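Per-entry structural report
Below are the chains, spelled out letter by letter.
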Amino acid sequence: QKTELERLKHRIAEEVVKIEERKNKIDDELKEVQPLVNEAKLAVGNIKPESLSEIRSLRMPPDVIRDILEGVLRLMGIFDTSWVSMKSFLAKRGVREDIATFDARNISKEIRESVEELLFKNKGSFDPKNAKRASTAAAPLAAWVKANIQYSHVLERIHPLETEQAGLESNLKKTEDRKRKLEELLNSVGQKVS
(Lines give C-alpha, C1' and ligand atoms only; values in the text may rest on other atoms or scores of the structure.)
Protein backbone atom coordinates (compact mmCIF):
# COMPACT_ATOMS: atom_id res chain seq x y z
CA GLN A 1 0.00 0.00 0.00
CA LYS A 2 2.96 2.41 0.55
CA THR A 3 4.29 2.14 -3.02
CA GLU A 4 0.68 2.57 -4.22
CA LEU A 5 0.42 5.83 -2.22
CA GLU A 6 3.10 7.80 -4.08
CA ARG A 7 2.33 5.80 -7.32
CA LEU A 8 -0.84 7.96 -7.07
CA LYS A 9 0.73 11.17 -5.60
CA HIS A 10 2.96 11.73 -8.68
CA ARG A 11 0.04 11.39 -11.15
CA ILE A 12 -2.00 13.70 -8.92
CA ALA A 13 0.97 16.17 -8.95
CA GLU A 14 1.44 16.18 -12.76
CA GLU A 15 -2.36 16.42 -13.21
CA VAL A 16 -2.40 19.50 -10.92
CA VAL A 17 0.52 21.03 -12.89
CA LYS A 18 -1.56 20.51 -16.09
CA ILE A 19 -4.63 22.03 -14.33
CA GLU A 20 -2.59 25.09 -13.21
CA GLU A 21 -1.07 25.60 -16.68
CA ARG A 22 -4.47 25.64 -18.50
CA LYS A 23 -6.19 27.41 -15.57
CA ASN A 24 -3.44 30.07 -15.41
CA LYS A 25 -3.94 30.61 -19.17
CA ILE A 26 -7.80 30.63 -18.89
CA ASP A 27 -7.44 33.13 -16.01
CA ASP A 28 -5.02 35.28 -18.11
CA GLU A 29 -7.70 35.28 -20.82
CA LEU A 30 -10.34 36.23 -18.18
CA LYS A 31 -8.11 39.11 -16.98
CA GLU A 32 -7.77 40.07 -20.63
CA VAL A 33 -11.59 40.14 -21.13
CA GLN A 34 -13.51 40.43 -17.88
CA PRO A 35 -12.40 43.27 -15.51
CA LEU A 36 -13.87 45.54 -18.16
CA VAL A 37 -17.13 43.41 -18.19
CA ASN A 38 -17.28 43.94 -14.43
CA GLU A 39 -16.39 47.72 -14.45
CA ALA A 40 -19.24 48.40 -16.83
CA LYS A 41 -21.65 46.30 -14.78
CA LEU A 42 -20.59 48.25 -11.64
CA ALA A 43 -21.16 51.53 -13.47
CA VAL A 44 -24.60 49.93 -14.20
CA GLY A 45 -25.34 49.72 -10.49
CA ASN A 46 -23.98 53.25 -10.12
CA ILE A 47 -26.41 54.93 -12.57
CA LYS A 48 -29.05 57.07 -10.95
CA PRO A 49 -32.83 57.27 -11.18
CA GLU A 50 -32.83 60.89 -12.41
CA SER A 51 -30.45 60.46 -15.35
CA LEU A 52 -32.58 57.75 -16.95
CA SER A 53 -36.06 58.67 -15.62
CA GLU A 54 -35.70 62.16 -17.13
CA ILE A 55 -34.69 60.86 -20.59
CA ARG A 56 -37.23 58.02 -20.66
CA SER A 57 -39.90 60.80 -20.65
CA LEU A 58 -38.32 62.73 -23.57
CA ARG A 59 -40.45 63.42 -26.72
CA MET A 60 -37.77 62.54 -29.25
CA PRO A 61 -34.75 60.27 -29.04
CA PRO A 62 -31.34 61.50 -30.15
CA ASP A 63 -29.44 59.48 -32.74
CA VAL A 64 -26.41 58.34 -30.70
CA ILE A 65 -28.91 57.35 -28.01
CA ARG A 66 -31.41 55.50 -30.31
CA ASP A 67 -28.34 53.97 -32.03
CA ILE A 68 -26.58 52.53 -28.96
CA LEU A 69 -29.97 51.82 -27.23
CA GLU A 70 -32.01 49.95 -29.87
CA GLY A 71 -29.74 46.84 -30.18
CA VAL A 72 -29.60 46.19 -26.44
CA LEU A 73 -33.37 45.47 -26.67
CA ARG A 74 -32.56 42.94 -29.48
CA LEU A 75 -30.22 41.52 -26.84
CA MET A 76 -33.03 41.65 -24.18
CA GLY A 77 -35.76 39.71 -25.97
CA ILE A 78 -38.43 42.09 -27.21
CA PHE A 79 -36.38 42.84 -30.36
CA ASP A 80 -38.20 46.01 -31.27
CA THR A 81 -36.86 48.98 -33.18
CA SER A 82 -39.79 50.99 -31.75
CA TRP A 83 -39.14 53.90 -29.39
CA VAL A 84 -42.34 53.28 -27.34
CA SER A 85 -41.31 49.61 -27.00
CA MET A 86 -38.13 51.01 -25.36
CA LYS A 87 -40.44 53.28 -23.27
CA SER A 88 -42.64 50.40 -22.08
CA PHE A 89 -39.71 47.93 -21.78
CA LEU A 90 -37.50 50.29 -19.84
CA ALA A 91 -40.37 51.75 -17.75
CA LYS A 92 -40.35 48.66 -15.42
CA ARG A 93 -38.76 48.95 -11.93
CA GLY A 94 -37.69 45.30 -12.38
CA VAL A 95 -35.33 46.62 -15.05
CA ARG A 96 -33.31 48.09 -12.13
CA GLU A 97 -32.89 44.37 -11.35
CA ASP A 98 -32.36 43.40 -15.04
CA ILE A 99 -29.48 45.91 -15.54
CA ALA A 100 -26.88 43.61 -13.95
CA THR A 101 -28.64 40.29 -14.82
CA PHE A 102 -27.77 39.67 -18.46
CA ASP A 103 -25.02 37.10 -19.15
CA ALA A 104 -22.65 36.44 -22.05
CA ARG A 105 -23.01 32.77 -23.07
CA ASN A 106 -26.76 33.51 -23.73
CA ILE A 107 -25.99 35.57 -26.86
CA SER A 108 -26.54 34.03 -30.34
CA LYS A 109 -24.10 34.31 -33.28
CA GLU A 110 -26.53 35.97 -35.69
CA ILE A 111 -27.26 38.48 -32.88
CA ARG A 112 -23.43 38.91 -32.45
CA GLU A 113 -22.85 39.42 -36.19
CA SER A 114 -25.92 41.71 -36.56
CA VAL A 115 -24.60 43.79 -33.69
CA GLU A 116 -21.01 43.69 -35.18
CA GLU A 117 -22.30 45.09 -38.51
CA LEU A 118 -24.38 47.48 -36.32
CA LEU A 119 -20.97 48.46 -34.87
CA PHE A 120 -19.62 48.96 -38.40
CA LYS A 121 -22.63 51.30 -38.89
CA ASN A 122 -22.20 52.99 -35.48
CA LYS A 123 -18.41 52.52 -35.03
CA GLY A 124 -17.99 56.28 -34.70
CA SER A 125 -21.27 56.50 -32.68
CA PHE A 126 -20.07 53.81 -30.36
CA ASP A 127 -17.47 55.63 -28.33
CA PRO A 128 -18.23 55.68 -24.59
CA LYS A 129 -16.76 59.13 -23.83
CA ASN A 130 -18.38 60.55 -26.95
CA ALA A 131 -21.68 58.98 -25.94
CA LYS A 132 -21.55 60.22 -22.28
CA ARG A 133 -21.93 63.73 -23.57
CA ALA A 134 -25.39 62.77 -24.85
CA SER A 135 -26.27 61.69 -21.28
CA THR A 136 -24.62 61.09 -17.89
CA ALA A 137 -26.73 57.92 -17.95
CA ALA A 138 -25.35 56.89 -21.37
CA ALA A 139 -21.61 56.25 -21.28
CA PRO A 140 -21.49 53.38 -18.79
CA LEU A 141 -23.80 51.36 -21.07
CA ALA A 142 -21.53 51.73 -24.10
CA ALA A 143 -18.52 49.71 -22.95
CA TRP A 144 -21.18 47.37 -21.39
CA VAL A 145 -22.17 46.08 -24.84
CA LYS A 146 -18.61 46.03 -26.26
CA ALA A 147 -17.30 43.87 -23.39
CA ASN A 148 -20.16 41.33 -23.53
CA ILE A 149 -19.80 40.53 -27.22
CA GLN A 150 -16.00 40.47 -27.18
CA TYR A 151 -16.26 37.71 -24.58
CA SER A 152 -18.62 36.03 -27.03
CA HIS A 153 -16.99 33.92 -29.74
CA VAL A 154 -13.81 34.33 -27.71
CA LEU A 155 -15.71 32.64 -24.89
CA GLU A 156 -16.36 29.67 -27.19
CA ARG A 157 -12.60 29.25 -27.46
CA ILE A 158 -12.80 29.04 -23.68
CA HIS A 159 -15.40 26.20 -24.19
CA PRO A 160 -12.95 23.45 -25.16
CA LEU A 161 -10.44 24.82 -22.60
CA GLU A 162 -12.99 25.10 -19.79
CA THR A 163 -14.63 21.70 -20.54
CA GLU A 164 -11.08 20.25 -20.59
CA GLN A 165 -10.55 21.97 -17.24
CA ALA A 166 -13.83 20.54 -15.82
CA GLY A 167 -12.74 17.04 -16.89
CA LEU A 168 -9.24 17.38 -15.32
CA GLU A 169 -10.60 18.94 -12.14
CA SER A 170 -13.37 16.32 -11.62
CA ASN A 171 -10.93 13.44 -11.96
CA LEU A 172 -8.06 15.00 -9.86
CA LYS A 173 -10.43 15.40 -6.88
CA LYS A 174 -12.04 12.03 -7.70
CA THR A 175 -8.50 10.52 -7.41
CA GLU A 176 -7.57 12.63 -4.35
CA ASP A 177 -10.39 10.89 -2.37
CA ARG A 178 -9.20 7.44 -3.50
CA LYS A 179 -5.68 8.56 -2.30
CA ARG A 180 -6.95 9.38 1.24
CA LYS A 181 -8.77 6.02 1.59
CA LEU A 182 -5.30 4.45 1.06
CA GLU A 183 -3.29 6.54 3.65
CA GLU A 184 -6.23 5.80 5.96
CA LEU A 185 -5.64 2.04 5.47
CA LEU A 186 -1.84 2.47 5.78
CA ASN A 187 -2.21 4.36 9.12
CA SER A 188 -4.93 1.90 10.26
CA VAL A 189 -2.34 -0.91 9.79
CA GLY A 190 0.55 1.01 11.46
CA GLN A 191 -1.62 1.32 14.55
CA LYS A 192 -3.02 -2.29 14.38
CA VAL A 193 0.52 -3.68 14.11
CA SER A 194 1.67 -1.59 17.12
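Residues numbered from 1 in each chain as written, not as in the entry; some residues may be left out. Part of a larger assembly, values for the part shown. Heavy atoms only, no water. Residues with missing side-chain atoms left out of burial classes, pairs and counts.

In terms of regular secondary structure, the protein chain is built from eight helices and zero strands. Reading the helices (α) and strands (β) of the protein chain from amino to carboxyl end gives α-α-α-α-α-α-α-α. Against the globule reference of 16 Å for 194 residues, the protein chain gives a C-alpha radius of gyration of 25 Å, more extended than a compact globule. Projected onto its principal axes, the C-alpha positions of the protein chain cover 90 × 30 × 25 Å. (Helix = DSSP H or I, 4+ residues; strand = E, 2+ residues; numbered from the N terminus. Rg over C-alpha atoms; globule rule 2.2 N^0.38 Å.)

Turning our attention to the packing of helix α1 (residues 2-46) against helix α8 (residues 140-193). At a closest axis distance of 8 Å, the pairing of α1 and α8 adopts a crossing angle of 145°. The element α1 and its partner α8 pack so that their crossing is left-handed. Across from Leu36, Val37, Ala40 and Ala43 in α1, the residues of α8 making contact are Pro140, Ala143, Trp144 and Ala147. A per-class count over the contact of α1 with α8 returns eight nonpolar, no polar and no charged. (Axes fitted to C-alpha atoms, helices over the stretch in contact; angles between N-to-C directions. Left-handed = near helix turned anticlockwise from the far one by under 90°. Contact = heavy atoms within 4.5 Å. Nonpolar A, V, L, I, M, F, W, Y, C, P; charged D, E, K, R; others polar.)

Okay, unusual backbone geometry next. Positive phi, normally seen in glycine, also occurs at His153, with a value near 75°. Structurally, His153 can be placed in helix α8.

Among the structural elements, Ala137 can be located in the loop between α7 (128-132) and α8. Taking C-alpha positions, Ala137 is 7.4 Å from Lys48, a pair spaced 89 residues apart along the chain.

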